[PDB]
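Step one of this worksheet: look at the structure below.
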Amino acid sequence: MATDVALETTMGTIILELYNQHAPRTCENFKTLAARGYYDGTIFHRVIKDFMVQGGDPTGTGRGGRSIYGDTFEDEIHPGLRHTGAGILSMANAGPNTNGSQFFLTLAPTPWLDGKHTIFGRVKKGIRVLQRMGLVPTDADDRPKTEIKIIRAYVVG
Amino acid sequence: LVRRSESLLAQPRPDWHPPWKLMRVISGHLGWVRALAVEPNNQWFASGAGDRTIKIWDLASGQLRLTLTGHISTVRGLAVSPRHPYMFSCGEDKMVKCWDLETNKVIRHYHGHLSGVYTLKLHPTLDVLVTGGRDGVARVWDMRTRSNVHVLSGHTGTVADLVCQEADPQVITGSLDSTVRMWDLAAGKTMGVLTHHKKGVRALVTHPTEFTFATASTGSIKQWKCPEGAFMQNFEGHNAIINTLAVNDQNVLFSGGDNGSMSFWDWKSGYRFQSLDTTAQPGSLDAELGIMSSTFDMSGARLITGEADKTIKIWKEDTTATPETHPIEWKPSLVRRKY
Amino acid sequence: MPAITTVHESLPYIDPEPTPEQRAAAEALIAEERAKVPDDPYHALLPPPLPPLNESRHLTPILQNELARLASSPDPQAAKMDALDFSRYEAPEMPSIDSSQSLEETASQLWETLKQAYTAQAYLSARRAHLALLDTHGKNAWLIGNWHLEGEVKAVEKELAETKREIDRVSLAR
Amino acid sequence: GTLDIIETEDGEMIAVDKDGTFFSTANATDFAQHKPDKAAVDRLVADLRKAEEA
Amino acid sequence: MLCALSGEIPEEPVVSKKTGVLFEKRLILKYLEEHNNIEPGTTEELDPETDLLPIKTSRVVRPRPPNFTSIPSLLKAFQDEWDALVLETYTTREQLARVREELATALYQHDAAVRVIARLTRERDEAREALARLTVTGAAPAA
Amino acid sequence: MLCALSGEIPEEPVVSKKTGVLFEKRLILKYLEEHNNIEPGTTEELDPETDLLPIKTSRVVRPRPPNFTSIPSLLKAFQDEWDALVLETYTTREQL
Amino acid sequence: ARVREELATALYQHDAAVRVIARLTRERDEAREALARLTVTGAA
Amino acid sequence: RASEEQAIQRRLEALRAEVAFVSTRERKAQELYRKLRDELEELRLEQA
Amino acid sequence: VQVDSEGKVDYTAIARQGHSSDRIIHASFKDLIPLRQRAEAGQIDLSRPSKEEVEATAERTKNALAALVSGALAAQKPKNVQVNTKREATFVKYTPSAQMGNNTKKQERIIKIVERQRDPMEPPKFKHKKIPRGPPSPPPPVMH
């Protein structure tokens, strides 16, 4: 079964399916952080054309993380899931197991992050929103000149 | 559809103000009186007219203390400094003069306006004077060095009014191109443009205690809230070219209309508690009925108006008036009020 | 308000959690201290005991007798009192008028049966009127009752949530 | 997946919209992606030229 | 809302002018008469004629079940409710007695724990004072 | 029990010190602001801080729902039935 | 309700006293062991 | 929480007193070591 | 293409095009409604700023205008001879990037920058060019 989370962006709506039977702990971390309003009001801090749309920082910098298991938790790479196209939801870290509260939508097939980040979902509905997210002017450090603020992300049901 | 507020508290109930009546009419000027400036100690006031003289009158007696010459065209601005013994005149002859009141002589010139100058304001805390004219430019001048430190450009018509306040927006220029510009004084840049008026903006005023201002063009007065310039309300019912505007410390807006008309409004509610029509000095034409300049004294108890029949009219509020003799005729109407 | 004012140097959030053997040793020491001196039934911290049924200012003598009857039952949860005569409200059958029965006795039995039948008919008419009123106003009555019950449950849940939030805030500060 | 086809209890095909992108193309960011055909553009140019000749 | 005295909807709800607790008027009058004009749960004195303000509102419509549409059914329901109330009062009294006994046992255990903790603290303080004042004497070898 | 203006069950009921009408706190504040501290249905002034007394509900006793199985509800139903029967008997006796 | 509140307060106080007694016993045992080791060793 | 705050204040005062006593003992030991070093230097000067 | 809170295509990117974020631009019908009647509007604070903010703004604006007065006084009457022999050097730590093909990491540089000694007798070197005015700032919507 896949459970749904709704990103209400200032570009459109993104409905994400979440894979409980393949990477559980990341999925209830995402559900608990979304339903609590923690991802309500943050930014999509990094956008790289043909690589990435990455967000989830409470500070909008690249260091914030408030996972429900304390401050961080471990990795859950399952080799059945690999970064294989546009629109895959994965949990991003910095080196070894440092999973906080930053999520990572792959915008293109990136078969070099396998085993380093926890694939735990997929864009189900609204891939055009993510395509328009990728095609934004970003200035120097992959932060867009405009703001791609997230407002709501709910379990719907 | 944009939602409205149905609380019936969006319309303040007007406070009662007594009506105003004519007290005095001072002759002697041989041109239309277009300037007026009460000195900070409320003893004398300064009228500039179309006969290019500046006359200093005692406020209590209406009695001619002095006449100053030196302009060659109509005097449009006048300002007695609260921190310096200086008076500031501008004219239609492109001249911005600083008079030393200890010698009654012009001691400084602020040159650079390409056409006649219509307005002139002293900054309340800084040592700065601000002029605007027919060249579409608000010049910001330093008092000491006579240096034109800012050229405020962006209007496409004659800058007809201007206010200086101690907080941003520090300059507000209304122009005959129907726009109002809110200016940050430190950079010389337009903070905002208001394009709600359809015709040339001729009158501006700021409230003494609230952080709001008012603009006025023909048939329309608009009240705005600083520093974002959000539209607060309309003053409606004065169907004339409005040359002037005078709010009191007791919240009175005075609009004088070029056809000789007058409206006294309550500031908070927008209610017109008085609607008068001035009378011409004998010998005048019907076309010479018009309030061309106005001000309040520092007490707020007298309204000084300079009128196009070359006169000075003092107006007092009626001391024999009570809320029963002049009841407020305002009711909270339930109308869409198509905006 | 609690009357416990004793101060013990305990830091549950700071000091390490004691082992089960240490807890058993502490319990043994507490039991030894309890066996060292007798307990005081007149302690100031202990509240006064409950008064008797006859000494209660709010309990009536009939209520005291009912409480004594309930306490005398071996199962107070299943202690059901004797029901009233509900067989008189049923349909009265035809009495067996014997041939040797007198005319006066048969007339009295018929009058008693007619009175029982009239009482049953009056009860049935009252039940029919109540059923008509129920069919008239039952949706409104059920909606009002459900709304009141939902409001009471929501108020109780809000009070419990506020108490839990206050307890969590106090625990976090401590 | 934006529009949902349901055969209801009355046996009629209903089409409910999750968003409001179908009715008016507000909330539909692909309003820029509409491309008018040759005939409509020719009709518009012909009508403008007819106004010019008038 | 519910009455503080009984936990049900009061027929004549009245609120204290100082405490703000709503209760039935007859129940509040009986409590004031039994406790000498004292509000229940508080040590303050409540005036039954001055400190009580009645609440004027619409009457609460109780939901009438269709089964209790007859006089004998209503009488049986009233008898069952009275028996349930008596059983609940008896169970509450038994639970209060058990809670009082448990509280007395807990108070005795707490006094014992306080005495044992005082003795252990005295022993630990004596040991700490001995260790702190342990002056290192000359460790002479056994000649 | 319901609010005088809102008409629903108030989570924070407040009673007027002059009229005793129960209402919602926000509704009473809005009505006092709109009508210049005037209680609804009364021409006398009502102070928002002094004339409004909040209602506090104590949960010490067990909650009894207002159903037909309640003892006070059964007593009220029996009293109403007895009053109706007495009125019907009086009317029937007068007619007879 | 008063008896239940008093019983809960007494249970919390008893748990705190048990923890304090365990900590005091551990500290006293550590102090006694340190004193015994210092007496046995002699050289500091 | 009230009991824990009172016990934390009392234990902080007791720990401060114990640390002050330990620091006083360390200062006395340092003074004794300095006096012993001075006496040893005086004895070495007298013997030489 | 952005969306607003309730969800519609946001058209305020056209009115705000060419302007900074601190610019106040009225571009919707909501700006034509009085503030008191403007839906989500309860208490409105209509008080002047306090003396602290007033004096802070006075200090900032008078420092900027004092810099302008200094520039205007320098331009109005030059100081006869325009030389300055107090030519204090400025040191710059310059870390080069990779350029013109090769990508080897060059050593970072310490650069001494000194004003050049100018002939006191030299007249102004270049003529003044009369360039026509640039276009104005993008005009706001007309809110009649």
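We name chains A, B, ... following the order of the structure tokens; residues begin at 1 in each chain, and ligands are numbered from 1 as shown.
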
Please report, as JSON lines, each residue of chain C lying at most 8 Å from chain F, together with the nearest pair of atoms and the separation in Å rounded to one decimal; use only C-alpha atoms, and order rows by chain and ascending residue number.
{"residue": "C:145", "atom": "CA", "partner": "F:66", "partner_atom": "CA", "distance": 7.3}
{"residue": "C:148", "atom": "CA", "partner": "F:9", "partner_atom": "CA", "distance": 7.6}
{"residue": "C:149", "atom": "CA", "partner": "F:65", "partner_atom": "CA", "distance": 6.8}
{"residue": "C:151", "atom": "CA", "partner": "F:9", "partner_atom": "CA", "distance": 6.7}
{"residue": "C:155", "atom": "CA", "partner": "F:11", "partner_atom": "CA", "distance": 6.6}

Q) Which parts of chain C does DSSP call helix (DSSP H, G or I) when run on the backbone here, written out as a PyMOL selection string? A) chain C and resi 20-36+61-72+87-89+103-173

Take the residues from that selection and write them out as a CSV table (one decimal), in the first residue's frame, keeping C-alpha atoms.
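File written: out.csv
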chain,number,residue,atom,x,y,z
C,20,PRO,CA,16.0,-3.5,39.7
C,21,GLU,CA,18.4,-4.9,42.4
C,22,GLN,CA,18.9,-1.4,43.8
C,23,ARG,CA,15.1,-0.8,43.7
C,24,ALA,CA,14.6,-4.1,45.6
C,25,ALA,CA,17.2,-3.1,48.2
C,26,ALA,CA,15.5,0.2,48.6
C,27,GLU,CA,12.1,-1.5,49.0
C,28,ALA,CA,13.6,-3.9,51.6
C,29,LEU,CA,15.0,-0.9,53.5
C,30,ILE,CA,11.6,0.8,53.4
C,31,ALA,CA,9.9,-2.4,54.6
C,32,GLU,CA,12.4,-2.7,57.5
C,33,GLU,CA,11.7,0.9,58.4
C,34,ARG,CA,8.0,0.2,58.3
C,35,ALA,CA,8.5,-2.8,60.6
C,36,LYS,CA,10.7,-0.7,62.9
C,61,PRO,CA,-32.8,6.4,56.6
C,62,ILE,CA,-34.5,4.7,53.7
C,63,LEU,CA,-31.3,5.2,51.7
C,64,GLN,CA,-29.3,3.7,54.6
C,65,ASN,CA,-31.6,0.7,54.6
C,66,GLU,CA,-31.2,0.3,50.8
C,67,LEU,CA,-27.4,0.6,51.2
C,68,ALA,CA,-27.5,-2.1,54.0
C,69,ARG,CA,-29.6,-4.4,51.8
C,70,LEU,CA,-27.2,-3.9,48.9
C,71,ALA,CA,-24.2,-4.6,51.1
C,72,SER,CA,-25.8,-7.7,52.5
C,87,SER,CA,-48.6,-8.7,34.9
C,88,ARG,CA,-51.6,-6.4,35.7
C,89,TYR,CA,-50.9,-4.2,32.7
C,103,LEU,CA,-73.8,-14.6,40.9
C,104,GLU,CA,-72.2,-12.0,43.2
C,105,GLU,CA,-68.8,-13.6,43.0
C,106,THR,CA,-68.9,-14.0,39.2
C,107,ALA,CA,-70.1,-10.4,38.9
C,108,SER,CA,-67.2,-9.2,41.2
C,109,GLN,CA,-64.7,-11.2,39.1
C,110,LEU,CA,-66.1,-9.8,35.9
C,111,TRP,CA,-65.9,-6.3,37.3
C,112,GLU,CA,-62.3,-6.8,38.3
C,113,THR,CA,-61.5,-8.2,34.9
C,114,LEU,CA,-63.2,-5.2,33.2
C,115,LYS,CA,-61.3,-2.8,35.4
C,116,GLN,CA,-58.0,-4.5,34.5
C,117,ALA,CA,-59.0,-4.4,30.8
C,118,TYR,CA,-59.9,-0.7,31.1
C,119,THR,CA,-56.5,0.0,32.7
C,120,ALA,CA,-54.7,-1.9,30.0
C,121,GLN,CA,-56.7,-0.1,27.3
C,122,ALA,CA,-55.9,3.3,28.9
C,123,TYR,CA,-52.2,2.3,29.0
C,124,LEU,CA,-52.4,1.2,25.3
C,125,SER,CA,-54.0,4.5,24.4
C,126,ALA,CA,-51.3,6.4,26.2
C,127,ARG,CA,-48.7,4.3,24.4
C,128,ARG,CA,-50.3,5.1,21.1
C,129,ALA,CA,-50.3,8.8,21.9
C,130,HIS,CA,-46.7,8.7,22.9
C,131,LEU,CA,-45.8,6.8,19.7
C,132,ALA,CA,-47.7,9.4,17.7
C,133,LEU,CA,-45.7,12.2,19.4
C,134,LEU,CA,-42.5,10.2,18.8
C,135,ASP,CA,-43.4,9.8,15.1
C,136,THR,CA,-44.0,13.6,15.0
C,137,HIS,CA,-40.8,14.9,16.8
C,138,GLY,CA,-38.3,12.0,17.0
C,139,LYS,CA,-35.9,13.2,14.3
C,140,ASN,CA,-35.7,16.6,16.0
C,141,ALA,CA,-35.4,15.1,19.5
C,142,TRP,CA,-32.7,12.7,18.5
C,143,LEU,CA,-30.8,15.4,16.6
C,144,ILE,CA,-30.9,17.7,19.6
C,145,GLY,CA,-29.8,14.9,22.0
C,146,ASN,CA,-27.0,13.8,19.7
C,147,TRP,CA,-25.8,17.4,19.3
C,148,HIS,CA,-25.8,17.9,23.1
C,149,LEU,CA,-24.0,14.6,23.7
C,150,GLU,CA,-21.4,15.5,21.0
C,151,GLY,CA,-20.9,18.9,22.6
C,152,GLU,CA,-20.4,17.5,26.1
C,153,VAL,CA,-18.0,14.9,24.7
C,154,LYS,CA,-16.0,17.6,22.8
C,155,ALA,CA,-15.9,19.7,26.0
C,156,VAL,CA,-14.6,16.7,28.0
C,157,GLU,CA,-12.0,15.9,25.3
C,158,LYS,CA,-10.9,19.6,25.2
C,159,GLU,CA,-10.5,19.7,29.0
C,160,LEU,CA,-8.5,16.4,28.9
C,161,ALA,CA,-6.3,17.7,26.1
C,162,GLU,CA,-5.6,20.9,28.0
C,163,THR,CA,-4.7,19.0,31.1
C,164,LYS,CA,-2.4,16.7,29.1
C,165,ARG,CA,-0.7,19.7,27.5
C,166,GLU,CA,-0.2,21.4,30.8
C,167,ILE,CA,1.2,18.2,32.3
C,168,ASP,CA,3.6,17.8,29.3
C,169,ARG,CA,4.7,21.5,29.6
C,170,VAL,CA,5.4,21.0,33.3
C,171,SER,CA,7.3,17.8,32.7
C,172,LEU,CA,9.4,19.5,29.9
C,173,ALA,CA,10.2,22.4,32.2

Interface list for chain E, partner chain G, 12 Å threshold, only C-alpha atoms, as a JSON list (two decimals) with N, CA and C atoms, in the first residue's frame:
[["chain", "number", "residue", "atom", "x", "y", "z"],
["E", 41, "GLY", "N", -16.95, 22.26, 47.50],
["E", 41, "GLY", "CA", -15.60, 22.25, 46.97],
["E", 41, "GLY", "C", -14.79, 23.49, 47.26],
["E", 92, "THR", "N", -19.28, 3.28, 44.78],
["E", 92, "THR", "CA", -18.48, 4.47, 45.05],
["E", 92, "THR", "C", -18.03, 4.52, 46.51],
["E", 93, "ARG", "N", -18.91, 4.14, 47.44],
["E", 93, "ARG", "CA", -18.52, 4.09, 48.85],
["E", 93, "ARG", "C", -17.44, 3.04, 49.10],
["E", 95, "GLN", "N", -15.27, 1.90, 46.87],
["E", 95, "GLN", "CA", -14.05, 2.38, 46.24],
["E", 95, "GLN", "C", -13.39, 3.48, 47.07],
["E", 96, "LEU", "N", -14.20, 4.35, 47.68],
["E", 96, "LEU", "CA", -13.66, 5.39, 48.56],
["E", 96, "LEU", "C", -13.00, 4.79, 49.79],
["E", 97, "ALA", "N", -13.62, 3.76, 50.38],
["E", 97, "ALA", "CA", -13.01, 3.09, 51.53],
["E", 97, "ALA", "C", -11.70, 2.40, 51.15],
["E", 98, "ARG", "N", -11.68, 1.73, 49.99],
["E", 98, "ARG", "CA", -10.45, 1.08, 49.53],
["E", 98, "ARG", "C", -9.36, 2.10, 49.24],
["E", 99, "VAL", "N", -9.73, 3.25, 48.66],
["E", 99, "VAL", "CA", -8.77, 4.30, 48.36],
["E", 99, "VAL", "C", -8.23, 4.91, 49.65],
["E", 100, "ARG", "N", -9.08, 5.06, 50.67],
["E", 100, "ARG", "CA", -8.62, 5.57, 51.96],
["E", 100, "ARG", "C", -7.64, 4.60, 52.62],
["E", 101, "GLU", "N", -7.94, 3.30, 52.56],
["E", 101, "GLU", "CA", -7.01, 2.30, 53.12],
["E", 101, "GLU", "C", -5.68, 2.30, 52.37],
["E", 102, "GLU", "N", -5.73, 2.40, 51.04],
["E", 102, "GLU", "CA", -4.51, 2.45, 50.24],
["E", 102, "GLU", "C", -3.72, 3.72, 50.52],
["E", 103, "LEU", "N", -4.42, 4.84, 50.74],
["E", 103, "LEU", "CA", -3.74, 6.09, 51.07],
["E", 103, "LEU", "C", -3.07, 6.02, 52.44],
["E", 104, "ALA", "N", -3.72, 5.38, 53.41],
["E", 104, "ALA", "CA", -3.10, 5.20, 54.72],
["E", 104, "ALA", "C", -1.86, 4.31, 54.63],
["E", 105, "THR", "N", -1.94, 3.22, 53.86],
["E", 105, "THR", "CA", -0.78, 2.35, 53.67],
["E", 105, "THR", "C", 0.35, 3.09, 52.95],
["E", 106, "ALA", "N", 0.00, 3.91, 51.95],
["E", 106, "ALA", "CA", 1.01, 4.68, 51.23],
["E", 106, "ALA", "C", 1.65, 5.74, 52.12],
["E", 107, "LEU", "N", 0.86, 6.35, 53.02],
["E", 107, "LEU", "CA", 1.42, 7.32, 53.96],
["E", 107, "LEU", "C", 2.38, 6.66, 54.93],
["E", 108, "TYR", "N", 2.03, 5.46, 55.43],
["E", 108, "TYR", "CA", 2.95, 4.72, 56.30],
["E", 108, "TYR", "C", 4.23, 4.34, 55.56],
["E", 109, "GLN", "N", 4.10, 3.89, 54.31],
["E", 109, "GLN", "CA", 5.27, 3.54, 53.51],
["E", 109, "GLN", "C", 6.13, 4.77, 53.22],
["E", 110, "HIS", "N", 5.50, 5.92, 53.00],
["E", 110, "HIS", "CA", 6.25, 7.15, 52.74],
["E", 110, "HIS", "C", 6.99, 7.62, 53.98],
["E", 111, "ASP", "N", 6.37, 7.49, 55.16],
["E", 111, "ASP", "CA", 7.06, 7.83, 56.40],
["E", 111, "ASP", "C", 8.25, 6.90, 56.64],
["E", 112, "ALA", "N", 8.07, 5.60, 56.36],
["E", 112, "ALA", "CA", 9.17, 4.65, 56.48],
["E", 112, "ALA", "C", 10.30, 4.97, 55.50],
["E", 113, "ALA", "N", 9.94, 5.33, 54.26],
["E", 113, "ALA", "CA", 10.94, 5.69, 53.26],
["E", 113, "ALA", "C", 11.68, 6.97, 53.65],
["E", 114, "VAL", "N", 10.97, 7.93, 54.24],
["E", 114, "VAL", "CA", 11.60, 9.16, 54.70],
["E", 114, "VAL", "C", 12.59, 8.88, 55.82],
["E", 115, "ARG", "N", 12.21, 8.02, 56.78],
["E", 115, "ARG", "CA", 13.12, 7.66, 57.87],
["E", 115, "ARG", "C", 14.35, 6.91, 57.35],
["E", 116, "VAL", "N", 14.14, 5.98, 56.42],
["E", 116, "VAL", "CA", 15.26, 5.21, 55.87],
["E", 116, "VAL", "C", 16.17, 6.11, 55.04],
["E", 117, "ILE", "N", 15.59, 7.07, 54.31],
["E", 117, "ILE", "CA", 16.39, 8.00, 53.52],
["E", 117, "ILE", "C", 17.19, 8.93, 54.43],
["E", 118, "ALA", "N", 16.60, 9.35, 55.55],
["E", 118, "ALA", "CA", 17.33, 10.17, 56.52],
["E", 118, "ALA", "C", 18.50, 9.40, 57.12],
["E", 119, "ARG", "N", 18.28, 8.13, 57.48],
["E", 119, "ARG", "CA", 19.37, 7.32, 58.02],
["E", 119, "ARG", "C", 20.48, 7.09, 56.99],
["E", 120, "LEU", "N", 20.10, 6.80, 55.74],
["E", 120, "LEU", "CA", 21.08, 6.58, 54.69],
["E", 120, "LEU", "C", 21.84, 7.86, 54.37],
["E", 121, "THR", "N", 21.16, 9.01, 54.39],
["E", 121, "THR", "CA", 21.82, 10.29, 54.16],
["E", 121, "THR", "C", 22.79, 10.62, 55.28],
["E", 122, "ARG", "N", 22.42, 10.32, 56.53],
["E", 122, "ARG", "CA", 23.33, 10.53, 57.65],
["E", 122, "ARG", "C", 24.57, 9.64, 57.52],
["E", 123, "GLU", "N", 24.38, 8.37, 57.15],
["E", 123, "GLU", "CA", 25.52, 7.47, 56.97],
["E", 123, "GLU", "C", 26.42, 7.93, 55.82],
["E", 124, "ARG", "N", 25.82, 8.36, 54.71],
["E", 124, "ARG", "CA", 26.60, 8.82, 53.56],
["E", 124, "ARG", "C", 27.33, 10.12, 53.89],
["E", 125, "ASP", "N", 26.71, 11.01, 54.66],
["E", 125, "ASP", "CA", 27.37, 12.25, 55.06],
["E", 125, "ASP", "C", 28.53, 11.96, 56.00],
["E", 126, "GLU", "N", 28.37, 11.00, 56.91],
["E", 126, "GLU", "CA", 29.47, 10.60, 57.79],
["E", 126, "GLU", "C", 30.62, 10.00, 56.99],
["E", 127, "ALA", "N", 30.31, 9.15, 56.00],
["E", 127, "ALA", "CA", 31.35, 8.57, 55.17],
["E", 127, "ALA", "C", 32.06, 9.63, 54.33],
["E", 128, "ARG", "N", 31.31, 10.59, 53.79],
["E", 128, "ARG", "CA", 31.91, 11.66, 53.00],
["E", 128, "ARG", "C", 32.78, 12.57, 53.86],
["E", 129, "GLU", "N", 32.34, 12.85, 55.09],
["E", 129, "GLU", "CA", 33.15, 13.66, 56.00],
["E", 129, "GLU", "C", 34.42, 12.93, 56.41],
["E", 130, "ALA", "N", 34.34, 11.61, 56.60],
["E", 130, "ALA", "CA", 35.53, 10.82, 56.91],
["E", 130, "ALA", "C", 36.50, 10.79, 55.73],
["E", 131, "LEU", "N", 35.97, 10.66, 54.51],
["E", 131, "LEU", "CA", 36.84, 10.60, 53.33],
["E", 131, "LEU", "C", 37.46, 11.96, 53.03],
["E", 132, "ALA", "N", 36.71, 13.05, 53.26],
["E", 132, "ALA", "CA", 37.22, 14.38, 52.96],
["E", 132, "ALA", "C", 38.28, 14.81, 53.97],
["E", 133, "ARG", "N", 38.06, 14.51, 55.25],
["E", 133, "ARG", "CA", 39.01, 14.84, 56.30],
["E", 133, "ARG", "C", 40.05, 13.75, 56.52],
["E", 134, "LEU", "N", 40.21, 12.84, 55.56],
["E", 134, "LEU", "CA", 41.18, 11.75, 55.67],
["E", 134, "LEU", "C", 42.58, 12.29, 55.41],
["E", 135, "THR", "N", 43.22, 12.78, 56.47],
["E", 135, "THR", "CA", 44.60, 13.25, 56.36],
["E", 135, "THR", "C", 45.54, 12.07, 56.16],
["E", 136, "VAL", "N", 46.42, 12.18, 55.17],
["E", 136, "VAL", "CA", 47.32, 11.09, 54.81],
["E", 136, "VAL", "C", 48.46, 11.06, 55.83],
["E", 137, "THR", "N", 48.40, 10.11, 56.75],
["E", 137, "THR", "CA", 49.47, 9.94, 57.72],
["E", 137, "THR", "C", 50.70, 9.33, 57.05],
["E", 138, "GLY", "N", 51.83, 9.41, 57.75],
["E", 138, "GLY", "CA", 53.07, 8.85, 57.25],
["E", 138, "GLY", "C", 53.03, 7.35, 57.11],
["E", 139, "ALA", "N", 53.05, 6.85, 55.87],
["E", 139, "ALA", "CA", 52.98, 5.42, 55.60],
["E", 139, "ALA", "C", 54.35, 4.80, 55.88],
["E", 140, "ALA", "N", 54.62, 4.59, 57.16],
["E", 140, "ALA", "CA", 55.88, 3.99, 57.56],
["E", 140, "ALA", "C", 55.87, 2.49, 57.26],
["E", 141, "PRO", "N", 56.97, 1.95, 56.73],
["E", 141, "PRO", "CA", 57.03, 0.51, 56.49],
["E", 141, "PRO", "C", 57.10, -0.28, 57.79]]

Q.
I need the contact residues of chain I against chain B, so if you could list those with any atom within 8 Å, counting only C-alpha atoms, and return them as a PyMOL selection string, that would help.
A. chain I and resi 22-26+29-40+46-49+54+57-58+60-62+64-65+68-69+72-73+136-137+140-144

Q: Do a neighbour search on residue 62 (chain F) at 12 Å with only C-alpha atoms, toss out local chain neighbours closer than 4 positions, and write the hits as a PyMOL selection string.
A: (chain C and resi 156) or (chain E and resi 2-8+85+88-89+92) or (chain F and resi 58) or (chain G and resi 1)

Q: Select from region 181-227 of chain B everything DSSP, run on the backbone, classes as strand (DSSP E or B), then give the selection as a VMD selection string.
A: chain B and resid 181 to 184 189 to 194 203 to 206 212 to 217 220 to 225

Q: Point out the residue among C:91, C:41, C:59, C:19 with the least atom-to-atom distance to chain E, counting only C-alpha atoms.
A: C:41

What are the closest atom pairs, with distances in Å to one decimal, for each residue of region 3-65 of chain E lying within 7 Å of region 48-56 of chain F, using only C-alpha atoms, rows by chain and rising residue number, as a Markdown table?
| residue | atom | partner | partner_atom | distance |
| --- | --- | --- | --- | --- |
| E:20 | CA | F:55 | CA | 5.2 |
| E:21 | CA | F:56 | CA | 5.4 |
| E:22 | CA | F:55 | CA | 7.0 |

(Q) Could you tell me how far CA of residue 55 (chain E) sits from CA of residue 21 (chain F), in Å to one decimal place? (A)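 These atoms are spaced 5.9 Å apart.
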